[PDB]
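Participant: One structure follows; several queries about it will come next.
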Amino acid sequence: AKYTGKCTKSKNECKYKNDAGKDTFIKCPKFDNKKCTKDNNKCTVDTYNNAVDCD
Ligand SMILES: CCOCCOCCOCCO
Ligand code: NA
């Protein structure tokens with residue numbers, strides 16, 4: 001169950017619209033390769049594994 005969203009740099013968060021059409025925010029990791037490095041970069045959310053990867 002995979003989603004693409006957009007991340008924000010200040011809050012280091014991923015915003016994705018879930019299957020119900022509801023916008024949901026979830027934290028990006030602190031790790032270098034998974035943090036949001038720029039506003040409006042892509043991010044992915046795997047709700048099966050509950051894993052977030054921001055760019
Ligand atoms: C606001 C939530 O704070 C949780 C702090 O716990 C530290 C654990 O590190 C994060 C592991 O994914
Ligand atoms: Na990334």
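Note on naming: chains are A, B, ... as they come in the structure tokens, residues start from 1 per chain, ligands start from 1 in the order shown.
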Find the residues of chain A that sit at most 8 Å from ligand 2; for each, write down the nearest two atoms and how far apart they are in Å, to one decimal. Count only C-alpha atoms and all ligand atoms. Sort by chain, then by number going up, and give it as a tab-separated table.
Facilitator:
residue	atom	partner	partner_atom_place_in_ligand_line	distance
A:33	CA	ligand 2	1 (Na)	4.9
A:34	CA	ligand 2	1 (Na)	4.0
A:35	CA	ligand 2	1 (Na)	6.4
A:36	CA	ligand 2	1 (Na)	7.3
A:43	CA	ligand 2	1 (Na)	6.9
A:53	CA	ligand 2	1 (Na)	4.9
A:54	CA	ligand 2	1 (Na)	4.3
A:55	CA	ligand 2	1 (Na)	3.6
Participant: Distance limit 12 Å, reference ligand 1, atoms considered: only C-alpha atoms and all ligand atoms. Which residues make the cut? Give them as an MDAnalysis selection string.
Facilitator: chainID A and resid 26:31 50:52
Participant: Determine which residues of chain A DSSP labels as strand (DSSP E) from the backbone of this structure, then write them out as a PyMOL selection string.
Facilitator: chain A and resi 2-8+13-17+23-27+42-46+51-54
